[PDB]
Amino acid sequence: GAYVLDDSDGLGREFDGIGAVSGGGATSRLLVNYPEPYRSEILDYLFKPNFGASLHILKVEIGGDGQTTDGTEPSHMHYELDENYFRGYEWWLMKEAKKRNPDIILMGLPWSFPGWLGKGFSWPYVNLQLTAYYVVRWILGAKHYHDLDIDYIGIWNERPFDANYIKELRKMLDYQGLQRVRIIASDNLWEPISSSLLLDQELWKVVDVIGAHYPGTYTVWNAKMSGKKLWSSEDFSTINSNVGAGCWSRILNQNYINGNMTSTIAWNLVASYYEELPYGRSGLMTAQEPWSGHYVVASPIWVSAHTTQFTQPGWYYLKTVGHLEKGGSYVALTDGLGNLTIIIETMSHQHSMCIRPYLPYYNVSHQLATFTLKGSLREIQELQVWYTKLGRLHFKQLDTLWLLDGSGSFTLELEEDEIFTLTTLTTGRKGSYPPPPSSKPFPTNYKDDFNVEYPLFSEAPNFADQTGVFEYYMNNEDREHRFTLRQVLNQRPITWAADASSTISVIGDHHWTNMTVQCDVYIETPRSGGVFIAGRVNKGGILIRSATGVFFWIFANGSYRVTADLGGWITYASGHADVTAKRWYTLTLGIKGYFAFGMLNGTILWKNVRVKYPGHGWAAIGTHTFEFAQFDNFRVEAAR
Ligand SMILES: *[C@@H]1O[C@H](CO)[C@@H](O[C@@H]2O[C@H](CO)[C@@H](O)[C@H](O)[C@H]2NC(C)=O)[C@H](O)[C@H]1NC(C)=O
Ligand SMILES: *[C@@H]1O[C@H](CO)[C@@H](O[C@@H]2O[C@H](CO)[C@@H](O)[C@H](O)[C@H]2NC(C)=O)[C@H](O)[C@H]1NC(C)=O
Ligand SMILES: *[C@@H]1O[C@H](CO)[C@@H](O[C@@H]2O[C@H](CO)[C@@H](O)[C@H](O)[C@H]2NC(C)=O)[C@H](O)[C@H]1NC(C)=O
Ligand SMILES: *[C@@H]1O[C@H](CO)[C@@H](O)[C@H](O)[C@H]1NC(C)=O
Ligand SMILES: OC[C@H]1NC[C@H](O)[C@@H](O)[C@H]1O
Ligand SMILES: [Ca+2]
């Protein structure tokens, strides 16, 4: 029937913005080595105002050297007394976002922590001041080295919080002159953080926002009672097809309507990680081919636009929002300056399923909606119209709708899976760049000598660490190996995921079946040290311990092994080898069909060793444990 949109009796909650997550883990990994102009174009679709997704909020992982879903991300403090604010790519990403949108909101949250913070235990709450010290340094560094103001700081992603830690974090922030930084907790469930705020006055005072993960558009009573801002601080996480776009469309509206949540943040920002890693293509768009330059501006980009391009942090929701009688919902916002945005969604059940949670079936059918602008909204002679149809027309602008009647009323015919945005704002724009190059597989012949003296990023391109951390390394005394790739962790992190017991970095095409991998390796630890190269590595990320394939190990005690698994439980071959520490060797591993061979300095070590087939996966390098080791002159030839 009719839906009243009124101002006169007051407003709803302040709108805080829409955002996305870069990190948890290494989700932006393959974006950094995109050639220009494509890399810059992708960033525009994400962050440029009145263009693409036009995001209000960017949330990033504070790397802790641990595996955090699709890879590891480097910490600013690998060891005690170590400080480096130029590792990884989150600094760069934040700067790129701020250049396009100076008003963008920045958040930081740790998934994992370096092992040395635990002081013997794998626990970040052993020394509260130390862990807070670590986190605050990251915030200080963002300002001092990159001119970044971090707006919000979290606790420990989907992990228990410590009330004394949060209080210490607040005290530490203030002590370092960061009074303006706000705290969000606890990036998990609504409980126990919500009840803890009601029971503890001192905890209530230091927490600014309650952020919950995948709330299914609902909150809980204690959260409402707190009087705190409530955010869906992580949501979405669905493959960016039309379905995922429908999911994203529905929850953007109904998170506030059903749960009073004034912000929603998607995991993840962009799918710049190998698709065969966990939750592949679960970003707002896709950019997983830096070698070709191909990127896909997926449907969720324009779903975001329907809200972001016509709302800003600081607008207020109207009291008058709700569901449509025949399915779907509507929200309305104002800036308090006479502008009005109305967002309408009619996502069907079959085309809006999220992975978390899965809604019981609900009906959606054709309907008419009549809207009447009461209060100070009674005015507004014209409204711009933007339309999207999923399943396929995206963010197309329709003809201005006029209210010269005086009734302050208008009517729409709605159908399944549609978005309408009705706004007084005239700045809307479907941004566009020419189509990027076509999809191409990872180069069947590939090499890297790691010879870069002033690298822009701390790690060689396309190498996605899945346990441990690999960096560019300059050794000035050695001439033949002055520039190498080095694994730099010397102890297991305070882990978020189940990191492997061995370090590993994967690269290439997961489809590869027959391949030849070569690399120069260097074992830094006497007697006990070990390294490997591998092919047909089929699992990574959160499942990195599950990785099977063909692994060629050599050890400083004068031995080698060939295993079917990263964990080394299953032996293909083993024996002795002329191998010691602090010496450069060239490993070659060849795999074809049922058989594999291995070479040491160009000489056959083992041949015709039967391996399981069929099987496919990436190539990789790594170390036996968390130990220093160097790699150089990497090459791979493969058949897909
Ligand atoms: C949170 O939002 C809910 C809406 O789901 C508010 O609860 C009531 O919602 C019904 C219809 O959904 C309205 O008729 C009531 O007027 C709402 N309550 C009140 C007190 O107005 C709830 O109030 C909101 N909580 C806040 C804003 O703290
Ligand atoms: C709706 O659009 C914008 C909201 O920011 C307003 O336009 C700005 O208004 C301020 C003062 O009100 C000026 O200083 C800016 O130069 C304006 N910018 C632009 C791009 O116009 C506008 O006033 C709002 N209200 C209406 C009725 O349009
Ligand atoms: C990888 O190597 C295997 C083994 O050499 C290939 O499988 C053979 O394919 C030929 C056809 O060209 C058959 O005649 C053989 O009988 C197959 N051998 C086995 C053991 O199946 C396979 O085609 C190669 N794959 C790629 C992508 O190069
Ligand atoms: C859904 O609603 C439509 C319209 O009222 C009705 O025709 C249809 O039978 C319903 N189907 C289900 C499964 O509820
Ligand atoms: O859905 C998975 C997704 N959500 C949970 C974690 O916070 C993320 O890193 C990621 O694993
Ligand atoms: Ca080199």
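Quick note: residue numbers are just sequence positions, from 1. Note that ligands are numbered from 1 as they come in the structure, with each ligand's atoms numbered from 1 the same way.
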From [atom], is the closest protein heavy-atom distance below 4.0 Å?
atom: atom 1 (C) of ligand 3; result: yes
atom: atom 24 (C) of ligand 3; result: yes
atom: atom 16 (O) of ligand 3; result: no

Nearest protein heavy atom to [atom], by residue and atom, and its distance?
atom: atom 19 (C) of ligand 3; value: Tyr613 CE2, 4.5 Å
atom: atom 4 (C) of ligand 3; value: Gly593 CA, 3.8 Å
atom: atom 27 (C) of ligand 3; value: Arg640 C, 3.7 Å
atom: atom 20 (C) of ligand 3; value: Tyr594 CD1, 3.8 Å

Within a distance under 4.0 Å of any heavy atom of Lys592, pick out the atoms of ligand 3 and give their elements.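 Selected atoms, number and element: 5 (O).
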Below 3.0 Å, any N, O or S contact between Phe450 and the Ca ion (ligand 6)?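 So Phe450 does not count as coordinating the Ca ion (ligand 6).
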Does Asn451 bring an N, O or S atom to under 3.0 Å of the Ca ion (ligand 6)?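 It does; at least one qualifying atom falls short of 3.0 Å.
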N/O of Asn363 under 3.5 Å from N/O of ligand 4, yes or no?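 Checking ligand 4 against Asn363, an N or O pair does fall under 3.5 Å apart.
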Steps toward side chain to side chain donor-acceptor pair (under 3.5 Å) verdict (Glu276, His616): CA-CA 11 Å; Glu276 299 82 358; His616 52 69; over 6 Å; no
Side chain, backbone, both or neither: which applies to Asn514 and ligand 3 if a contact is any heavy-atom pair less than 4.0 Å apart?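 It is the side chain that touches ligand 3; the backbone stays farther off.
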Output the distance between atom NE2 (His306) and atom CD1 (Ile343), rounded to the nearest 0.5 Å.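 Answer for the NE2-CD1 pair, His306 versus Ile343, is 9.0 Å.
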Which heavy atom in [X] sits nearest to a heavy atom in [Y], and how many Å separate them?
X: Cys247; Y: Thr238; result: SG-OG1, 4.1 Å
X: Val517; Y: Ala534; result: CG2-O, 3.9 Å
X: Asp417; Y: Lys389; result: O-CD, 3.7 Å

Closer than 4.0 Å to some heavy atom of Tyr361 - which atoms of ligand 4 meet that? 12 (C), 13 (C)
Of all N/O/S atoms in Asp449, the name of the one nearest the Ca ion (ligand 6):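 In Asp449, the heteroatom (N, O or S) nearest the Ca ion (ligand 6) is O.
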Testing [options] for ring pair (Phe, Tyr, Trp, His ring centres under 6.0 Å) with [X], which one passes?
X: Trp512; options: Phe442, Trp618, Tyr274; result: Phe442
X: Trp606; options: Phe597, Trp553, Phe552; result: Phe552
X: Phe463; options: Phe457, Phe450, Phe470; result: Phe450

So, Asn242 versus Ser299: side-chain donor-acceptor pair below 3.5 Å or not?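 No, no side-chain donor-acceptor contact under 3.5 Å.
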